[PDB]
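The structure appears below as structure tokens.
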Amino acid sequence: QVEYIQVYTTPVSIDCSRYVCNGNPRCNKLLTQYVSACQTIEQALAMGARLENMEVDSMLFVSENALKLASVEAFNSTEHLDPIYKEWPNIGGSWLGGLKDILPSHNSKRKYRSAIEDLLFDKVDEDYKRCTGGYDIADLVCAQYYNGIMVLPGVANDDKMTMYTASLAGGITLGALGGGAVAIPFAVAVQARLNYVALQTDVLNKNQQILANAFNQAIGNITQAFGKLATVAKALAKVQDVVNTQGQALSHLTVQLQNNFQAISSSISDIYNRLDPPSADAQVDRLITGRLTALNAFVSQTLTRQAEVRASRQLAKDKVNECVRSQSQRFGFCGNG
Amino acid sequence: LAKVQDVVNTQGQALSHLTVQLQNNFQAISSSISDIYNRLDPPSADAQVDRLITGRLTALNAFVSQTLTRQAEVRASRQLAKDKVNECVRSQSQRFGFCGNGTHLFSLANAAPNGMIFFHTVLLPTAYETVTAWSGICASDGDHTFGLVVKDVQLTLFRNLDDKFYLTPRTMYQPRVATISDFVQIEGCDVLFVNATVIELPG
Amino acid sequence: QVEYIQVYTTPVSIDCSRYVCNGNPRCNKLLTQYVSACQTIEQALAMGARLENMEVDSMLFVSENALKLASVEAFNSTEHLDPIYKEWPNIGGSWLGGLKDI
Amino acid sequence: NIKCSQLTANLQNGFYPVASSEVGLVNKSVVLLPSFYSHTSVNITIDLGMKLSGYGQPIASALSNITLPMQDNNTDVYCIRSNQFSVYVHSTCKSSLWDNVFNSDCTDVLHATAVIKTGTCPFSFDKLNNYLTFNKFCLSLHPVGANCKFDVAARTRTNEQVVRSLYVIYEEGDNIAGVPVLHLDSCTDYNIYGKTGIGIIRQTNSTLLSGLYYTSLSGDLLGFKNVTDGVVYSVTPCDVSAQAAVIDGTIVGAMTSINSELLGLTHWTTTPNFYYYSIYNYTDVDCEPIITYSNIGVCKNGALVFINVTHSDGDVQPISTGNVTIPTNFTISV
Amino acid sequence: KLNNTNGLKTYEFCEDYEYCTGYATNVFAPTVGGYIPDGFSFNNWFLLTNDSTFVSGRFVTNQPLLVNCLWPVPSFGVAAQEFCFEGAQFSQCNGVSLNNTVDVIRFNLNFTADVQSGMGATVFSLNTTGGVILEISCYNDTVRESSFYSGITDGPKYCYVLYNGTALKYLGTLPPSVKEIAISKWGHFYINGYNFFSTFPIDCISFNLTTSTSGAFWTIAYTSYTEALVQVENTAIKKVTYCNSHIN
Ligand SMILES: *[C@@H]1O[C@H](CO)[C@@H](O[C@@H]2O[C@H](CO)[C@@H](O[C@@H]3O[C@H](CO[C@H]4O[C@H](CO)[C@@H](O)[C@H](O)[C@@H]4O)[C@@H](O)[C@H](O[C@H]4O[C@H](CO)[C@@H](O)[C@H](O)[C@@H]4O)[C@@H]3O)[C@H](O)[C@H]2NC(C)=O)[C@H](O)[C@H]1NC(C)=O
Ligand SMILES: *[C@@H]1O[C@H](CO)[C@@H](O[C@@H]2O[C@H](CO)[C@@H](O[C@@H]3O[C@H](CO[C@H]4O[C@H](CO)[C@@H](O)[C@H](O)[C@@H]4O)[C@@H](O)[C@H](O[C@H]4O[C@H](CO)[C@@H](O)[C@H](O)[C@@H]4O)[C@@H]3O)[C@H](O)[C@H]2NC(C)=O)[C@H](O)[C@H]1NC(C)=O
Ligand SMILES: *[C@@H]1O[C@H](CO)[C@@H](O[C@@H]2O[C@H](CO)[C@@H](O[C@@H]3O[C@H](CO[C@H]4O[C@H](CO)[C@@H](O)[C@H](O)[C@@H]4O)[C@@H](O)[C@H](O[C@H]4O[C@H](CO)[C@@H](O)[C@H](O)[C@@H]4O)[C@@H]3O)[C@H](O)[C@H]2NC(C)=O)[C@H](O)[C@H]1NC(C)=O
Ligand SMILES: *[C@@H]1O[C@H](CO)[C@@H](O[C@@H]2O[C@H](CO)[C@@H](O[C@@H]3O[C@H](CO)[C@@H](O)[C@H](O)[C@@H]3O)[C@H](O)[C@H]2NC(C)=O)[C@H](O)[C@H]1NC(C)=O
Ligand SMILES: *[C@@H]1O[C@H](CO)[C@@H](O[C@@H]2O[C@H](CO)[C@@H](O)[C@H](O)[C@H]2NC(C)=O)[C@H](O)[C@H]1NC(C)=O
Ligand SMILES: *[C@@H]1O[C@H](CO)[C@@H](O[C@@H]2O[C@H](CO)[C@@H](O)[C@H](O)[C@H]2NC(C)=O)[C@H](O)[C@H]1NC(C)=O
Ligand SMILES: *[C@@H]1O[C@H](CO)[C@@H](O[C@@H]2O[C@H](CO)[C@@H](O)[C@H](O)[C@H]2NC(C)=O)[C@H](O)[C@H]1NC(C)=O
Ligand SMILES: *[C@@H]1O[C@H](CO)[C@@H](O[C@@H]2O[C@H](CO)[C@@H](O)[C@H](O)[C@H]2NC(C)=O)[C@H](O)[C@H]1NC(C)=O
Ligand SMILES: *[C@@H]1O[C@H](CO)[C@@H](O[C@@H]2O[C@H](CO)[C@@H](O)[C@H](O)[C@H]2NC(C)=O)[C@H](O)[C@H]1NC(C)=O
Ligand SMILES: *[C@@H]1O[C@H](CO)[C@@H](O[C@@H]2O[C@H](CO)[C@@H](O)[C@H](O)[C@H]2NC(C)=O)[C@H](O)[C@H]1NC(C)=O
Ligand SMILES: *[C@@H]1O[C@H](CO)[C@@H](O[C@@H]2O[C@H](CO)[C@@H](O)[C@H](O)[C@H]2NC(C)=O)[C@H](O)[C@H]1NC(C)=O
Ligand SMILES: *[C@@H]1O[C@H](CO)[C@@H](O[C@@H]2O[C@H](CO)[C@@H](O)[C@H](O)[C@H]2NC(C)=O)[C@H](O)[C@H]1NC(C)=O
Ligand SMILES: *[C@@H]1O[C@H](CO)[C@@H](O[C@@H]2O[C@H](CO)[C@@H](O)[C@H](O)[C@H]2NC(C)=O)[C@H](O)[C@H]1NC(C)=O
Ligand SMILES: CCCCCC/C=C\CCCCCCCC(=O)O
Ligand SMILES: CCCCCC/C=C\CCCCCCCC(=O)O
Ligand SMILES: *[C@@H]1O[C@H](CO)[C@@H](O)[C@H](O)[C@H]1NC(C)=O
Ligand SMILES: *[C@@H]1O[C@H](CO)[C@@H](O)[C@H](O)[C@H]1NC(C)=O
Ligand SMILES: *[C@@H]1O[C@H](CO)[C@@H](O)[C@H](O)[C@H]1NC(C)=O
Ligand SMILES: *[C@@H]1O[C@H](CO)[C@@H](O)[C@H](O)[C@H]1NC(C)=O
Ligand SMILES: *[C@@H]1O[C@H](CO)[C@@H](O)[C@H](O)[C@H]1NC(C)=O
Ligand SMILES: *[C@@H]1O[C@H](CO)[C@@H](O)[C@H](O)[C@H]1NC(C)=O
Ligand SMILES: *[C@@H]1O[C@H](CO)[C@@H](O)[C@H](O)[C@H]1NC(C)=O
Ligand SMILES: *[C@@H]1O[C@H](CO)[C@@H](O)[C@H](O)[C@H]1NC(C)=O
Ligand SMILES: *[C@@H]1O[C@H](CO)[C@@H](O)[C@H](O)[C@H]1NC(C)=O
């Protein structure tokens, strides 16, 4: 069964002075008269992001030995297997037919990325050095950057989270912690899990082949669904909603720069090219007021969303600690069954 | 410290913003009702005061909405705090990683502005003991062969220098002598079991 | 002890063009320049209601055999009892006094 | 400058928003559609009459006169019939002695100048010669049919009084332009097809077949086309946002998108997202990060480090087979 | 397809223009109701604008995209007509015409140097409201205002609006990449989709055009305004969807 949980938001940096005034030196002096108006917005936005980064950083971790074992090549080789496990062909064994779709592979563009991660990041701009050359007409992101709106990467990143999950997957087969990367077969770990569920008293007629085949077929049907089973549909809908909301929020802020706010024009250069300064100042004050109200609303909505993602991340931390790094004794917590 | 400071600053700012809206005249000649009624005749003064009334009602609605949202968030936080108190302070939890990073020993609490601070005391290891473990014992009574496994799946079975069987937990290394009541007898054996005779079996 | 927890909201559907324009043919022609504005509103509401329906439907379930026994009448009878409980008058027993309100 | 922007003279260590550069003196570029050249001068003559009130203060008469150029045997309505125009005001002063008879020149106390103020119009009179375009512009002394009006005032050393009103009838367009090249690869003040701003214009080899000019979602000009050879030009702002790193009241580095010097910093390095300028002698490094931001950190010597994830030995697994490790020597963490 | 080499002439039959040449044609037959087919290329077709031009996106717009008639001009052929905006049911139409009144007339032609006018220097002749006759004329030399000019030329072409044989307005030089000219009966002229100039409302317009020895074939479309969702990529039309049914 598949479950999606959101851990972090996408951090957004707003240059309040460049949003309100489009670099106009006459508008900056007018905005100065609003005491600590841009400073408050910038400080609130920065404090929220710093708090989220601090909360996230105290949750992700890696171990080198488990990272050395978390790949399709390592699971398909007999290199790290302890000498007693001589009869086993490799680490993955009969489970590999599923584990190949979840484990990272070198046949991928990015490090520590798996096939399902590729499908998710394709089914469902960070470099701003391209927006200054002027070799073509700017796109939406470069224009937003020109309006003082930047999207930055945080401590919570698609790279750190991939390392985190790969280390978690590879730590299942790590046999000891003191020294080098010693490994055990996956079937041994599955047998330990079965013993935890109920003490197995039939040591001869083991039928782990049935479970392995069922797991392989289920993982294959999940991989099919992610590229073209109600849990998969719910997860896809949830991820799509999360992605869409942030983009809508960003675009609604850019559409407010086309609002007159009961002025003759929406352009500060157009106002200062047609009116004497005593009247142009009175026309620009209304735009300043409206564009500050828009930023205040954006900040409030961002803080509310961060407040909800805090609880979502607490739930994700509990799921990792009690379903992935151990076996939970709580009924119905890690799925139905 | 960052969390406490942010909580205090946000509370203050909400009330400050609510108060600052009484200096706003909503397209009226003044934001003072007394001045309006002092400068204008009642038919015009009422139409002037209507704008102030509408704007102030809108401000109150905004304040109420933000207050209710904050209260819901703090309700969730209070549920988490109650869980922490019940499962980390008033008892010892069997959940992995709930009361801090490490093996939870105990917890204490102190009062903080608008909430609590928890001190979680956990165990931190500095060394590992390496032992050769076994999944069971394949016992042969001359001709009859059976197997012995461990009742408690949380214990590890190993052998000392004198080839006596010992059990230890995996949370801490606290070896103990294995007795016959610690095992379950089963029909089959395993290739990963240790071979022993009835002479070397646990007493 | 008694506890209440909310599980779902009451969903609402809005026809954006009927709310803004009271069915007026001429007002709709002006709203076409805001066709993206109404589409954004309607999609946000429909997606939120579809996701709450998905999560509620994966939580509730019934058992056919358990629903047969779930009544005051069935607890007051001995029809479904295992024959080894012949010494007991009914399912409810002395707890039926409080179970009749639940 | 950072202290003045942050409204404090004691800056704590951290990152602060700055501009990649500052804009000083610039050239003006104007681009319009082709047309015939026919220019007219519109001279407006304003004769003010002043008297001295019983309190000893200057009073401007309502019998002041405005004269427009002669058109169709009249001087009360003058309109434009050419492609370009300029406007000028010529003022005169006379004095009276409560008899409303103006025969003497204006004295030092009574001297006044004629000023045309905006009134209700959406433009200023002095700004008409700043490349404003109309489909119709036409001035009158009568209020019928007027879209707006200017205010004619007399300004004296101690006062300013409105005496007359000048009415305007206009229709928006581009047929008539009020008047007083193209500069590339430098910050310039541009007026291109009525779009005004400040930025850098560059020639691109892109091929857009449709339209004349292109704007962003907020209404800013992104590019335009030359009507002669169909070459597309791109317009960018001539400054961008940057982040300055301040440690102990000094600038140690700056993250930016333009590969140019800023804030007095000389050395630089390239990271997958930006350029980092610094005092550190660049051509990794080992130092402790003093300040942190996003996924990076900055040390006291103005060096850049990348923050990694935390490392741990690993979790103990529930496996009893082979050589296994059990934690033994325990201390306390709080 | 004709191939002449050293006096030897060969010819091949082509069923699909794209197969024989590699790029699509602009000749199409409108469906029932006057709608452009669903796989058209929109090569000399633009979105009309009085403002900035959309570069990429999807927009619901009221545009002259209802085809009353499409007239394919055969290679080495002349298209001449004095059209008043009132009905376009002619025998030259490709497909089924409509009896609605015409709003816009579009010439989907590459206005290169191979295009020649049978009216002389005049390209278009406009009869406006009240019988006032205006003329669009392109010359090989500049003309002073209120003066007059004093077979094909080479070099720049300067285009003018003439009222009584004298230059009334200067439009500019003819650019090298004009691909469509749309004229509205209210007097608006669109060149590559942009409204460059306007006149008085047009009662009737006359023209006489040919592509000379190029052998090129082009089209004239008589069109009416309709509501449609248009997708644009790089300022070019990619797909048009009419709101002509419930699902649409
Ligand atoms: C949850 O809690 C656990 C504790 O239970 C944390 O795990 C410990 O994390 C620390 C920090 O990563 C680990 O310690 C580090 O081990 C490195 C490897 O040790 C080698 O070198 C030493 C000698 O230095 C040898 O004795 C040893 O055998 C290895 O060969 C050390 O290099 C690290 O040294 C640190 O200090 C020096 C001095 O400045 C630095 O140069 C280093 O870079 C480094 O910072 C350090 O000792 C420790 O082993 C982990 N223990 C366990 C039991 O896992 C988790 O990190 C924590 N999780 C979260 C999310 O916070
Ligand atoms: C009006 O003005 C337009 C300009 O917009 C002219 O359009 C171009 O004209 C040329 C000449 O006919 C066309 O060229 C053909 O292009 C094909 C390749 O094209 C598609 O893919 C490329 C991507 O690389 C696009 O750039 C291109 O636009 C096309 O969409 C070639 O395959 C053709 O030649 C090949 O095939 C033929 C036949 O098989 C062989 O004989 C050749 O040797 C060769 O192998 C050819 O070069 C081009 O497609 C037109 N561009 C368009 C429509 O966008 C019009 O021709 C012009 N019309 C008039 C009346 O003058
Ligand atoms: C670029 O900019 C120009 C200039 O603004 C725009 O020009 C206008 O274009 C529209 C067409 O989209 C013209 O509209 C038409 O005006 C006709 C004349 O109006 C008089 O008569 C009507 C009643 O018949 C009165 O209501 C009105 O007040 C006038 O007295 C109308 O007759 C037209 O409507 C008729 O045709 C339509 C179909 O086309 C039918 O639906 C109607 O029922 C009716 O039969 C129509 O309203 C408008 O006049 C132009 N304004 C001018 C010339 O100044 C361009 O549209 C704009 N281009 C783009 C692409 O943005
Ligand atoms: C998705 O899940 C379905 C099962 O619900 C998978 O179909 C199953 O495919 C296996 C083959 O891998 C079928 O196997 C039986 O397998 C033996 C193998 O030797 C073969 O000899 C038998 O003839 C038979 O095929 C299994 O029956 C089949 N189940 C059904 C219901 O058809 C399907 O392959 C999965 N898709 C993936 C993994 O993408
Ligand atoms: C845990 O710590 C103890 C105490 O430091 C270690 O015991 C010492 O081991 C060394 C090496 O064998 C001996 O030389 C010392 O004499 C021991 N000390 C005492 C007091 O007995 C012990 O080795 C550690 N456990 C490990 C490393 O697993
Ligand atoms: C939905 O399922 C319920 C049981 O979960 C069905 O309830 C049964 O309804 C029939 C006909 O009314 C009764 O005779 C049974 O006693 C009910 N069963 C139980 C266990 O109480 C219900 O009919 C189902 N609905 C549909 C439309 O199929
Ligand atoms: C359970 O069943 C008993 C037995 O039928 C019910 O007790 C009867 O109640 C009625 C009135 O409803 C009296 O007239 C009878 O005398 C009672 N019978 C007895 C006491 O043997 C009893 O009400 C039922 N309880 C429930 C439904 O909760
Ligand atoms: C403004 O013009 C008026 C009208 O021409 C001038 O007033 C006239 O002055 C002359 C003497 O120059 C008298 O004969 C007329 O009788 C006056 N006319 C009226 C209607 O009073 C006036 O002097 C001018 N004002 C100035 C120059 O300030
Ligand atoms: C549009 O292109 C034309 C033609 O390339 C440019 O006109 C040239 O301008 C330069 C610089 O003033 C002159 O040296 C050339 O002689 C001009 N050529 C012609 C043919 O006139 C024109 O400047 C471009 N437009 C803009 C706004 O720069
Ligand atoms: C577990 O570790 C022990 C040592 O603690 C290993 O035993 C040694 O194995 C090496 C390599 O074969 C021999 O040279 C030593 O003589 C052995 N030592 C003793 C004391 O017997 C043992 O092989 C390891 N077990 C596994 C399953 O890997
Ligand atoms: C037109 O026909 C000529 C010949 O009349 C073709 O030229 C020949 O091309 C072939 C390759 O296909 C060469 O091997 C011959 O040597 C050429 N012949 C001559 C006489 O030069 C030409 O390719 C044709 N053009 C087309 C098909 O576009
Ligand atoms: C379009 O222009 C052509 C070219 O001028 C006209 O063709 C001329 O027709 C007249 C008779 O009407 C002949 O005397 C000329 O010799 C023709 N000139 C040529 C063939 O070059 C044609 O008539 C015009 N079409 C119209 C007005 O419908
Ligand atoms: C321009 O159009 C006007 C429309 O009125 C034409 O004038 C009409 O011409 C017809 C010719 O049969 C006369 O019967 C009408 O009496 C005229 N009407 C008016 C109101 O004068 C005019 O001829 C056209 N001009 C050209 C050069 O074709
Ligand atoms: C008389 C009107 C009766 C209305 C009945 C409503 C019917 C179906 C539900 C429509 C809303 C579905 C929720 C959002 C999800 C979606 O739009 O797919
Ligand atoms: C020949 C009939 C009248 C033509 C009038 C031409 C004058 C001005 C229009 C300029 C159009 C520029 C369109 C873009 C051209 C290009 O992409 O090269
Ligand atoms: C135990 O004996 C069996 C044969 O009975 C042999 O195959 C196996 O290897 C032995 N196991 C050990 C751990 O010595
Ligand atoms: C303006 O252009 C001239 C050349 O015409 C150039 O020398 C000068 O530096 C420019 N001025 C500014 C302020 O950039
Ligand atoms: C208008 O005034 C100017 C000075 O501003 C003068 O030189 C010129 O001759 C006048 N033009 C006229 C009266 O047409
Ligand atoms: C304008 O007035 C003059 C006298 O200054 C007169 O001769 C002339 O005829 C008038 N113009 C017209 C068109 O009547
Ligand atoms: C930076 O170091 C280089 C050698 O790596 C040296 O040549 C140069 O002078 C240094 N620059 C300074 C110290 O400013
Ligand atoms: C950061 O962590 C990665 C992944 O473990 C490692 O490859 C890299 O060397 C680390 N960087 C430093 C400076 O230690
Ligand atoms: C136009 O055609 C329609 C059918 O398409 C017909 O009903 C109508 O009468 C026709 N109008 C005229 C004026 O002929
Ligand atoms: C235009 O063409 C005429 C002959 O048709 C020629 O005399 C004249 O010089 C040409 N003008 C130019 C500028 O080439
Ligand atoms: C047009 O010019 C002719 C002479 O070519 C002249 O007779 C006529 O009056 C003029 N018409 C107009 C309206 O200027």
Side-chain angles (χ1 to χ4, degrees), chain D residues 32-36 80-81 83 133-137 170-173 175-177 193-194 210-212 227, chain E residues 45-51 53 62-66 68-69 81 83-85 87-88 100-109 111 117 119 121-128 130-138 145 158-172 174-175 178-209 220-226:
Chain D
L32 296 178
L33 289 175
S35 64
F36 277 140
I80 307 150
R81 286 169 185 166
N83 289 309
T133 43
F134 303 91
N135 254 17
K136 173 194 186 309
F137 190 89
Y170 67 96
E171 295 179 355
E172 326 254 11
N175 280 335
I176 325 171
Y193 305 134
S210 181
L212 190 64
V227 287
Chain E
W45 291 75
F46 303 95
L47 282 184
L48 311 188
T49 188
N50 279 311
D51 288 303
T53 313
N62 188 244
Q63 290 275 322
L65 291 172
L66 192 76
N68 295 59
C69 169
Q81 184 178 23
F83 171 82
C84 307
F85 290 83
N100 311 4
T101 57
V102 173
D103 294 334
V104 188
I105 174 171
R106 319 169 74 118
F107 304 77
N108 317 98
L109 175 60
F111 277 85
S117 178
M119 332 183 93
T122 308
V123 191
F124 298 125
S125 178
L126 314 163
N127 191 351
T128 46
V132 167
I133 302 280
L134 293 182
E135 250 155 23
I136 324 284
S137 294
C138 300
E145 188 175 6
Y158 309 91
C159 302
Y160 293 98
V161 171
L162 322 173
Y163 166 64
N164 197 23
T166 64
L168 185 82
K169 182 177 177 179
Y170 177 44
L171 308 176
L174 207 40
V178 178
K179 313 243 173 271
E180 191 197 42
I181 289 185
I183 304 168
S184 145
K185 61 177 174 185
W186 297 285
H188 312 299
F189 281 67
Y190 307 83
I191 289 91
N192 283 5
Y194 182 73
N195 190 5
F196 274 94
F197 52 104
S198 297
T199 76
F200 308 119
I202 301 175
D203 298 359
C204 207
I205 169 178
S206 298
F207 60 94
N208 186 338
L209 287 163
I220 305 177
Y222 304 81
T223 46
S224 299
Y225 275 84
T226 192

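Here is the naming used below: chain letters follow the sequence lines, and residue numbers restart at 1 for every chain.
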Step-by-step side chain to side chain contact (heavy atoms under 4.5 Å, CB included) determination, D:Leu212 to E:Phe196: CA-CA 9 Å; D:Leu212 190 64; E:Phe196 274 94; 4.0 Å; yes
[X] [atom1] to [Y] [atom2] distance, which is reported to the nearest 0.5 Å:
| X | Y | atom1 | atom2 | answer |
| --- | --- | --- | --- | --- |
| D:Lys136 | D:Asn175 | NZ | CG | 12.5 Å |
| E:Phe85 | E:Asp203 | CZ | CG | 10.5 Å |
| E:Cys84 | E:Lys185 | SG | NZ | 11.5 Å |
| E:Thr223 | E:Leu66 | OG1 | CG | 8.5 Å |
| D:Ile176 | D:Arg81 | CD1 | CZ | 11.0 Å |
| E:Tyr225 | E:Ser184 | OH | OG | 6.0 Å |

With a 4.5 Å cut-off on side-chain heavy atoms, are [Y] and [X] touching?
| X | Y | result |
| --- | --- | --- |
| E:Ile136 | E:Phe197 | yes |
| E:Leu126 | E:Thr199 | yes |
| E:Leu48 | E:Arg106 | yes |
| E:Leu134 | E:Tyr163 | yes |
| E:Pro64 | E:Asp103 | no |

Identify the two heavy atoms, one from [X] and one from [Y], that lie closest to each other, and give their separation to 0.1 Å.
| X | Y | answer |
| --- | --- | --- |
| E:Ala221 | E:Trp45 | CB-CH2, 3.7 Å |
| D:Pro34 | E:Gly172 | CB-CA, 4.1 Å |
| E:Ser117 | E:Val123 | OG-CA, 4.0 Å |

[X] side chain to [Y] main-chain N or O, any donor-acceptor pair under 3.5 Å?
| X | Y | result |
| --- | --- | --- |
| E:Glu135 | E:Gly165 | no |
| E:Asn192 | E:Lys179 | yes |
| E:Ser224 | E:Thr101 | yes |
| E:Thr226 | E:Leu65 | no |
| E:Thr49 | E:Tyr194 | no |
| E:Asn100 | E:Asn68 | no |

Derivation and outcome, side chain to side chain contact (heavy atoms under 4.5 Å, CB included), residues E:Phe83 and E:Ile220: CA-CA 12 Å; E:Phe83 171 82; E:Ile220 305 177; over 6 Å; no
Can you say whether the rings of [X] and [Y] are parallel (under 30°), tilted (30 to 60°) or perpendicular (over 60°)?
| X | Y | result |
| --- | --- | --- |
| E:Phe207 | E:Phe124 | perpendicular |
| D:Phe134 | D:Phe137 | tilted |
| D:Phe36 | E:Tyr160 | parallel |

Pair E:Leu171-E:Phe189, side chain to side chain contact (heavy atoms under 4.5 Å, CB included): steps then yes or no: CA-CA 11 Å; E:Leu171 308 176; E:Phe189 281 67; over 6 Å; no
Name of the residue among E:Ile183, E:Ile105, E:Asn127 meeting side-chain contact (heavy atoms from CB on, under 4.5 Å) with E:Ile202: E:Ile183
Residues E:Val104, E:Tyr190; criterion side chain to side chain contact (heavy atoms under 4.5 Å, CB included); working and verdict: CA-CA 10 Å; E:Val104 188; E:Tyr190 307 83; 5.6 Å; no
